[PDB]
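*Asks:* Going line by line, the protein sequences match chains A, A' and A''. A prime marks a further copy of an entry chain.
What the first sequence shows, in the entry's author numbering, is residues 2 to 525, in sequence order.
What the second sequence shows, in the entry's author numbering, is residues 2 to 525, in sequence order.
What the third sequence shows, in the entry's author numbering, is residues 2 to 525, in sequence order.
We put the CB at the ideal spot given by N, CA and C, even for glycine.
My questions all concern the structure below.
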Amino acid sequence: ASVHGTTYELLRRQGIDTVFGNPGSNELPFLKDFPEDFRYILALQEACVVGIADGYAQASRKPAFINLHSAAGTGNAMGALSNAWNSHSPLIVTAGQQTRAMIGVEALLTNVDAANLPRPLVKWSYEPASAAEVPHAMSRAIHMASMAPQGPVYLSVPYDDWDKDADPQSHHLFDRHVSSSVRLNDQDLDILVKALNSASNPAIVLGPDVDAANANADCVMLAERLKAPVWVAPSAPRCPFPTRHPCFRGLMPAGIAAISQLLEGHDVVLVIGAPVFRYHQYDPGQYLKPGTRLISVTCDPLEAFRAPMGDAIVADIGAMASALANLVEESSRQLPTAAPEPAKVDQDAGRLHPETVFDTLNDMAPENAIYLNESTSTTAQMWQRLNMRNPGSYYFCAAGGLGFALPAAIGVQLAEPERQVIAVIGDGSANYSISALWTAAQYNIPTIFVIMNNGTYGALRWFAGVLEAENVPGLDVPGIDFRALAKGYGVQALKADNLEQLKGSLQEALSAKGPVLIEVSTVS
Amino acid sequence: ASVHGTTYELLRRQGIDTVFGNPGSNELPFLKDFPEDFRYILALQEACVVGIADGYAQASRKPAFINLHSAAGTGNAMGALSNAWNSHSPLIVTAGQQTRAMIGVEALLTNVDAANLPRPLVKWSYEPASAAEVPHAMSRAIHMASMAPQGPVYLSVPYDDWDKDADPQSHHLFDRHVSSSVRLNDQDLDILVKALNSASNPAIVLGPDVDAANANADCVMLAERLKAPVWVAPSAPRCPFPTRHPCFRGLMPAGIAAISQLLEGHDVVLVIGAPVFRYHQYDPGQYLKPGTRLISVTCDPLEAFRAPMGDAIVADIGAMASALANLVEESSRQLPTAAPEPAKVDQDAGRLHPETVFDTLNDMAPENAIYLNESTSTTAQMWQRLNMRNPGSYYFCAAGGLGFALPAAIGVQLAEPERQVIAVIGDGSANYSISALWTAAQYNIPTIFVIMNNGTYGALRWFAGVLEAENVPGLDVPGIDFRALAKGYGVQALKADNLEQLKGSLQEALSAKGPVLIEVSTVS
Amino acid sequence: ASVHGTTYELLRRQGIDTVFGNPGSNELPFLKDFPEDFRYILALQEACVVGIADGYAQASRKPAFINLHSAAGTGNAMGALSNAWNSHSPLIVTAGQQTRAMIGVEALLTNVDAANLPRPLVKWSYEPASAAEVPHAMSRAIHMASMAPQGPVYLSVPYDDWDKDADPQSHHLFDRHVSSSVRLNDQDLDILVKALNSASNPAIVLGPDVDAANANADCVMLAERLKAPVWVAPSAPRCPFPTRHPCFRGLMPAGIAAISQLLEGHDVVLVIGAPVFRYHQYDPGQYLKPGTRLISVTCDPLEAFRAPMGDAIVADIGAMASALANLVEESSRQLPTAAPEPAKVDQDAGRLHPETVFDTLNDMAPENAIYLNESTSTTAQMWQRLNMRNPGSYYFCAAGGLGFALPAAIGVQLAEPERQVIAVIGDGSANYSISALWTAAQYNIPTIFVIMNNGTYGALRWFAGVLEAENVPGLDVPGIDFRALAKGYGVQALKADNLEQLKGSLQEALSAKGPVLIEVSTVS
Ligand SMILES: Cc1ncc(C[n+]2csc(CCOP(=O)(O)OP(=O)(O)O)c2C)c(N)n1
Ligand SMILES: Cc1ncc(C[n+]2csc(CCOP(=O)(O)OP(=O)(O)O)c2C)c(N)n1
Ligand SMILES: Cc1ncc(C[n+]2csc(CCOP(=O)(O)OP(=O)(O)O)c2C)c(N)n1
Ligand SMILES: [Ca+2]
Ligand SMILES: [Ca+2]
Ligand SMILES: [Ca+2]
Ligand SMILES: [Ca+2]
Ligand SMILES: [Ca+2]
Ligand SMILES: [Ca+2]
Ligand SMILES: [Ca+2]
Ligand SMILES: [Ca+2]
Ligand code: NA
Ligand code: NA
Ligand code: NA
Ligand code: NA
Ligand code: NA
Ligand code: NA
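This is the structure:
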């Protein structure tokens with residue numbers, strides 16, 4: 002067998018059947034004789050390729066395979082990798098290298114010092130020392146991406162390797178199973194359960210790895226048993242809990258003082274599947290107030306070591322959530338009372354308040370819709386106004402890197418064909434990965450893109466206001482016609498300049514057979 | 002509080018009470034006002050500092066703290082770090098940096114791009130962005146070194162940081178507990194147990210992480226229950242099993258073909274606490290023969306991902322060994338029969354055969370002796386001839402890097418004052434870290450050093466013979482007087498030119514009150 | 002031809018005829034069939050190997066070739082590389098790697114992520130992607146080490162590469178000549194010359210790259226023409242000027258304020274072949290006083306970019322010094338007056354003052370002696386008391402990393418067989434690379450080693466005194482018998498407890514036919 006044949010057999014045997022890519026010449030010997038049981042998803046720029054693969058991996062809860070062109074293609078994808086690192090997305094990123102005989106002379110398309118290029122945004126990065134090593138290197142990439150804590154990995158392959166003879170002993174790679182589905186030993190787990198049972202006023206904080214593990218239902222049971230309020234950890238990349246469940250308390254403010262104040266009076270705070278904590282604004286104060294102890298369960302040693310407070314347990318989120326949910330006592334305390342419905346913001350017949358847009362989406366979208374958020378000034382209101390009952394219903398760029406939601410929404414929609422995906426994206430954010438629209442058109446992936454157009458980088462204006470920063474350049478983005486951009490890439494386009502038009506456009510988009518972009522005129 | 006006071010309180014609260022070091026000016030502001038409850042162990046060169054700390058950590062099964070001087074001190078220790086990486090040794094390596102105000106001008110003693118210096122031999126490497134961050138950076142270092150898979154970490158600290166005010170919120174660091182004491186979920190563990198119970202001819206292979214976890218006794222119970230032969234994985238850095246237990250089958254040859262042949266006919270091979278496998282010689286063939294399936298339990302994702310065959314489970318070795326030992330059925334198969342005693346090699350009244358030396362050590366040493374091996378041509382015979390009944394009884398440079406055993410033997414003896422440490426070191430290997438002898442003298446750490454003197458780099462001569470390699474330079478090391486070197490560093494010195502002298506010298510060394518070096522004339 | 006044959010032909014054709022090494026198995030296929038026109042210099046530990054090669058390269062003013070064993074050997078040498086980086090030493094460091102087929106499984110002796118290991122202390126680091134690339138990779142290593150600014154480079158080679166067929170087109174590598182012997186364009190050089198001619202009170206500061214370039218005599222002519230005082234830049238690794246020349250003003254204090262004060266009143270300060278500046282102690286103040294402008298000529302962009310003041314010109318030191326010396330006007334100012342002779346320190350019949358030792362060396366040593374300094378508390382007095390008339394007469398660890406002088410003195414003596422090398426080394430420093438003594442004995446390289454024994458790390462005690470730092474551990478090194486250490490490695494050993502014994506021992510050492518160590522009892 003060739004390295005080509007052996008590598009595709011390994012991928013197939015490890016459950017990979019899709020390649021997300023933008024091709025180049027160093028990759029042609031890999032992509033030739035493309036297997037008939039595989040599918041290739043082309044995107045027009047590499048941030049888009051990786052964003053689509055990332056949404057696909059996060060929603061499917063399985064690794065996604067990517068093929069990029071040498072250093073320039075890898076480089077174009079590095080902002081996307083920053084988000085993937087923070088979301089623990091299991092991405093196998095491969096890139097083609099020059100033929101081994103011309104690497105030393107640094108021929109055009111040579112990826113120089115290739116393994117260092119994507120660092121520090123990958124778990125592992127490598128170029129094999131010989132063609133026969135390629136399948137074993139691919140095996141390494143597959144398992145490292147998939148092991149807790151999941152994350153992106155990188156493999157560079159000289160193009161002449163694919164046609165070489167494989168080692169027959171590579172067959173032992175095909176069916177390897179590697180598990181990290183582990184939980185705290187019984188003795189120490191019993192200690193933890195007793196501490197939860199003994200708490201007088203417990204609180205629970207959940208992060209994105211709960212949704213990644215599909216531990217949501219177990220966390221609901223845990224919260225109900227402990228009669229505990231549940232928050233989502235700050236800067237949330239996913240939604241780990243039904244947002245209208247009586248215990249739900251919403252998104253935590255991303256500030257040190259704000260969080261310790263919120264947790265004051267809670268004697269034990271159990272954090273599951275989140276860093277402690279993904280703060281954002283500088284809000285100095287106490288990490289915790291006296292009387293609060295924190296216990297973190299995380300899949301990631303890099304999370305556990307850096308918490309400024311609390312104990313930590315490094316283990317699989319699915320296994321731990323299941324064990325805790327089934328072991329804790331049923332508290333006789335009263336179940337927390339549901340949050341009140343949000344207020345309706347006054348809305349005239351002109352430009353739309355973001356609150357109106359979210360209320361209307363919530364009214365009209367199916368109960369199993371999936372939302373993506375890259376409307377940076379409106380996140381708090383989005384979290385309050387969308388009833389998300391099901392797992393896998395929310396994605397937000399995990400490192401704050403814009404250019405995620407537009408392509409990721411396409412990958413999520415590809416992963417979940419029966420769930421309507423609705424990406425709510427600011428006019429500023431929409432440009433970073435605008436060409437991703439083409440992939441939705443080309444493959445007829447029926448994502449709905451709602452562009453919130455207020456002509457400005459609103460979150461930055463707001464922060465400049467907080468700083469009392471005057472004379473900051475570059476905050477306005479006037480003069481973008483999003484319907485024309487959608488036309489440019491073959492996507493049906495609608496406008497909404499007021500509420501009646503918004504409802505009409507949403508009705509049309511929801512019944513459309515392909516992707517649809519709605520440009521919404523929102524208040525400045 | 003100062004950064005100095007807060008950092009020493011953090012260390013004390015996390016169980017650290019010893020600093021292994023070689024001082025320099027960037028470290029004086031750290032070492033000043035040295036706490037009266039701490040002890041400082043000086044060594045004369047940094048490979049020695051780290052080797053001593055490494056032996057101490059491995060034997061104590063707890064992290065060891067190191068303080069080195071800037072780049073040059075760190076650099077002198079990097080061969081020692083290569084071994085520590087392979088042994089999963091929990092080492093907290095700190096180095097002093099220039100004052101922040103002169104880093105940019107690259108004043109003398111500036112550690113340039115400091116975090117990159119020890120890569121790729123550390124789990125984590127870092128220089129803090131401010132003085133107030135130092136305690137939290139130290140917290141990160143402590144927990145990363147200690148989390149499975151354990152390993153060395155590196156922290157560089159500008160010397161002006163120590164006197165600065167600490168953040169009062171650093172107190173939350175002091176009592177953080179971080180656990181990685183995890184095991185496979187019940188469902189999947191039950192599947193594994195059933196596979197072991199159902200095996201018709203199981204075999205067990207144990208690596209160094211069994212001894213690190215003190216899982217030895219649990220592995221004995223497991224082997225007895227399964228009635229399974231037990232090997233030690235190749236290139237063994239520690240001894241994980243009593244070497245005269247009936248199930249014991251000794252050290253595996255470090256070759257691909259040799260291992261698959263040895264395992265032929267075994268239907269299930271359970272590997273615990275080892276890489277699969279630390280091969281050495283090139284011995285191409287089948288990774289496993291038909292009919293053998295392999296299951297690996299490892300604490301290290303970097304081990305699990307790179308195995309060329311078998312399933313893997315990433316979990317704590319102590320927790321997994323205990324669970325398996327207590328869950329498996331008692332097989333009704335016959336217990337394996339003990340290996341026969343080794344042959345006595347004919348020995349005249351002249352220079353000593355290595356086999357004679359090991360037989361004599363085995364006869365004369367206490368039953369709880371601890372051995373170290375850096376006599377590279379004699380390892381196979383050492384493994385056959387020493388009855389090591391207890392855990393923590395054997396250490397060998399885990400990356401093959403010479404200069405480990407001499408200093409490590411001092412650290413092991415410091416960790417285990419009631420167990421006589423006997424380091425068996427070749428005349429070639431003895432030179433790499435020769436100055437470590439001084440630390441044994443200075444602190445009266447009563448290690449016995451047995452120098453096997455045959456005048457040559459014997460393992461290399463042997464391999465050159467295998468290669469049929471002619472005209473290789475640099476293989477002979479004549480003209481070293483080890484008794485004079487021992488005198489140079491204040492260590493009592495004896496000779497043994499024949500068996501009667503060997504017995505006399507060992508009797509004297511065993512009853513001595515301080516360290517002793519015996520130079521043994523061995524056969525070429 | 003084989004890769005082996007082609008690579009040795011390339012080395013020979015590029016002027017390399019010596020391999021400094023400590024061998025291992027990954028290197029045997031390189032070292033086998035060792036060419037009869039090459040010589041191998043064995044040392045017992047890798048810091049020693051590199052130190053010897055470094056002294057050899059610095060004194061010979063040509064690249065030196067090193068062969069080390071994988072990661073552990075490379076790691077043991079990294080402190081030595083820190084010095085080599087700072088001295089711009091042209092060192093070609095090669096290390097053997099595992100066979101390509103076992104790199105992925107991380108067999109014992111695999112150098113993982115090898116190119117990253119010696120960073121950031123090398124100009125270039127690399128592992129080739131194929132055997133046929135090895136000669137071209139070696140060509141890269143040779144020329145990068147040798148191009149201005151000279152420095153160490155690293156090449157890792159899988160052991161199976163050597164026996165493979167070379168590319169016949171590799172012959173084009175053999176006679177490549179690469180020049181960096183460049184100087185400032187005529188227009189701008191004329192501007193510089195006019196500025197020097199117009200200065201009313203010029204000063205000159207010289208660094209180690211002057212001595213590396215053998216630009217010393219040109220700098221003498223330049224100083225005589227400009228009638229300018231000449232200092233040596235701080236933390237001096239070499240001596241760039243005759244120390245009894247009337248213009249000579251000695252070693253600059255390594256402090257910001259001290260240097261600006263020293264240069265006050267000098268309108269133009271011309272720095273040649275030094276960083277601006279290798280400060281050491283923190284001595285905050287003005288970088289220059291008003292009225293002083295600084296112009297730096299350096300071979301190193303990394304020096305030019307980081308100067309906090311002054312203009313810079315990046316060019317070859319030899320070419321620039323020659324051009325300036327020959328273009329400037331003869332000033333009619335009076336030639337500076339020679340520094341007065343140093344005072345004689347009162348000396349009784351007991352332990353030796355360092356000043357007495359240097360005065361006696363100066364009296365007794367040949368006028369073409371070469372000195373090395375690793376007696377850290379006595380550097381200022383050494384610089385005042387040794388008349389060094391000739392180039393290549395002084396070496397001091399360029400990064401301050403101890404363990405340099407003892408092995409480097411052997412390499413310098415090998416490079417300069419007709420010049421008596423005298424290494425003055427403190428009792429603390431002597432231990433770092435003590436095993437280097439063996440190489441002097443084995444090859445009969447007649448270096449004289451003068452050990453200044455005061456029982457303490459004196460420079461650190463002094464600095465602790467400056468800090469008012471109390472309770473600093475690890476500053477004393479009692480109990481070392483240096484005559485016994487010398488005996489251990491086969492080197493003739495003498496003592497000197499007083500001045501009469503010092504003179505007797507020096508007389509004996511100077512007329513000896515082999516290396517000699519003198520242990521001198523110096524004042525605390
Ligand atoms: C790749 C990248 N570039 C820049 C930023 C900085 N950034 C944060 S929010 C923001 C404004 C986004 O504007 P828009 O999408 O229109 O949303 P709005 O803030 O107006 O709600 C910018 C530019 C970023 N996070 N990522
Ligand atoms: C730091 C380092 N340098 C070089 C080697 C290569 N090496 C492996 S075995 C060996 C010989 C050791 O000789 P000795 O200690 O006398 O034992 P013998 O082989 O004679 O039994 C050498 C030099 C190594 N493993 N580590
Ligand atoms: C590799 C390394 N480790 C530690 C140091 C720190 N250091 C600087 S001077 C010094 C003392 C050297 O003592 P000695 O050689 O006896 O000379 P003295 O200061 O007594 O004159 C030390 C340990 C260093 N520079 N390099
Ligand atoms: Ca990078
Ligand atoms: Ca509503
Ligand atoms: Ca906007
Ligand atoms: Ca490095
Ligand atoms: Ca016996
Ligand atoms: Ca030997
Ligand atoms: Ca005199
Ligand atoms: Ca001293
Ligand atoms: Na358990
Ligand atoms: Na109103
Ligand atoms: Na379980
Ligand atoms: Na016999
Ligand atoms: Na010119
Ligand atoms: Na006097």
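In chain A'', which residues lie with their C-beta within 7 angstroms of the C-beta of residue 106/A'?
*Replies:* By Cβ distance, chain A'' contributes 280, 307 and 309.
*Asks:* In terms of alpha-carbon separation, which member of 289/A'', 399/A'', 302/A'' and 425/A'' lies closest to residue 410/A''?
*Replies:* Measuring from the Cα of residue 410/A'', the nearest candidate turns out to be 425/A''.
*Asks:* Is the shortest distance between the beta-carbon of residue 350/A'' and the beta-carbons of chain A' less than 8 angstroms?
*Replies:* For residue 350/A'', the answer is no, since every Cβ of chain A' falls outside 8 angstroms of its Cβ.
*Asks:* With H, G and I counted as helix, E and B as strand and the rest as coil, what does DSSP make of residue 311/A''?
*Replies:* DSSP places residue 311/A'' in coil when its eight states are reduced to three.
*Asks:* Does at least one heavy atom of ligand 2 sit under 7 angstroms from the Cβ of residue 70/A''?
*Replies:* Yes, the Cβ of residue 70/A'' comes within 7 angstroms of a heavy atom of ligand 2.
*Asks:* What residues come near ligand 5, if near means a beta carbon less than 7 angstroms from any of its heavy atoms?
*Replies:* Those residues, listed in chain order, are 360/A, 363/A and 364/A.
*Asks:* Name, in chain order, the residues that DSSP records as bridge partners for residue 397/A''.
*Replies:* Answer by DSSP bridge pairing, in chain order: 374/A''.
*Asks:* What are the boundary residues of the alpha helix (DSSP H) that includes residue 66/A?
*Replies:* Here residue 66/A belongs to no alpha helix (DSSP H); instead the beta strand (DSSP E) covers 65 to 70.
*Asks:* For the beta strand (DSSP E) that residue 297/A lies in, which residues bound it at each end?
*Replies:* Per DSSP, residue 297/A belongs to the beta strand (DSSP E) from 294 to 299.
*Asks:* May I ask you to report which of helix, strand or coil DSSP gives residue 13/A''?
*Replies:* Of the three classes helix, strand and coil, the one that applies to residue 13/A'' here is helix, per DSSP.
*Asks:* In chain A, what lies closer than 7 angstroms to residue 186/A' by C-beta?
*Replies:* By Cβ distance, chain A contributes 182, 183, 184 and 320.
*Asks:* Using a Cβ cut-off of 9 angstroms, pull out every chain A residue sitting near residue 137/A'', in sequence order please.
*Replies:* The answer, in chain order, is 105 and 106.
*Asks:* Taking the Cβ atom as the reference point for each residue, do residue 204/A' and residue 264/A' lie within a distance shorter than 8 angstroms?
*Replies:* Yes, these two residues count as a Cβ contact at 8 angstroms.
*Asks:* Shorter than 7 angstroms, the distance from the beta carbon of residue 149/A to the closest heavy atom of ligand 14, or not?
*Replies:* No, Cβ of residue 149/A sits at least 7 angstroms from all heavy atoms of ligand 14.
*Asks:* Measuring from each Cβ to the nearest heavy atom of ligand 14, keep the ones under 7 angstroms and list them in chain order.
*Replies:* Residues flagged by the Cβ proximity filter: 184/A, 320/A, 323/A, 324/A, 186/A', 187/A' and 188/A'.
*Asks:* If you count every other CB in all the chains shown that lies within 10 Å of the CB of residue 7/A'', and 16 or more means buried, which is it?
*Replies:* Residue 7/A'' comes out buried.
*Asks:* Counting only beta-carbon atoms, is residue 26/A' nearer than 8 angstroms to chain A''?
*Replies:* Taking Cβ atoms only, chain A'' reaches closer than 8 angstroms to residue 26/A', which makes this a yes.
*Asks:* Whole angstroms is fine: what's the gap from residue 244/A's alpha carbon to residue 17/A''s?
*Replies:* Roughly 45 angstroms separates the two Cα atoms.
*Asks:* Beta carbon of residue 44/A, beta carbon of residue 437/A: below 8 angstroms?
*Replies:* Yes, these two residues count as a Cβ contact at 8 angstroms.
*Asks:* Could you work out which residues of chain A lie near residue 134/A'', taking near to mean beta carbons separated by less than 8 angstroms?
*Replies:* Under the 8 angstroms cutoff, chain A gives 101, 102, 104 and 105.
*Asks:* Taking CB distances under 8 angstroms as the criterion, tell me whether residue 314/A reaches chain A'.
*Replies:* Yes - at least one Cβ of chain A' is within 8 angstroms of the one on residue 314/A.
*Asks:* What are the boundary residues of the alpha helix (DSSP H) that includes residue 430/A'?
*Replies:* Where residue 430/A' is concerned, there is no enclosing alpha helix (DSSP H), given that its DSSP letter is neither H nor E.
*Asks:* Which partner residues does residue 166/A'' have in the DSSP bridge list?
*Replies:* 3/A''.
*Asks:* Check residue 8/A' in the structure and name its three-state DSSP category.
*Replies:* Looking at residue 8/A' - three-state DSSP - the assignment turns out to be helix.
*Asks:* Determine which residues share a DSSP beta bridge with residue 520/A'' and list them.
*Replies:* DSSP, once it has assigned bridges, lists 452/A'' and 496/A'' as partnering residue 520/A''.
*Asks:* For residue 365/A' and residue 104/A, what's the separation of their Cα atoms in angstroms?
*Replies:* Rounded to whole angstroms, residue 365/A' to residue 104/A spans 60 angstroms at the Cα level.
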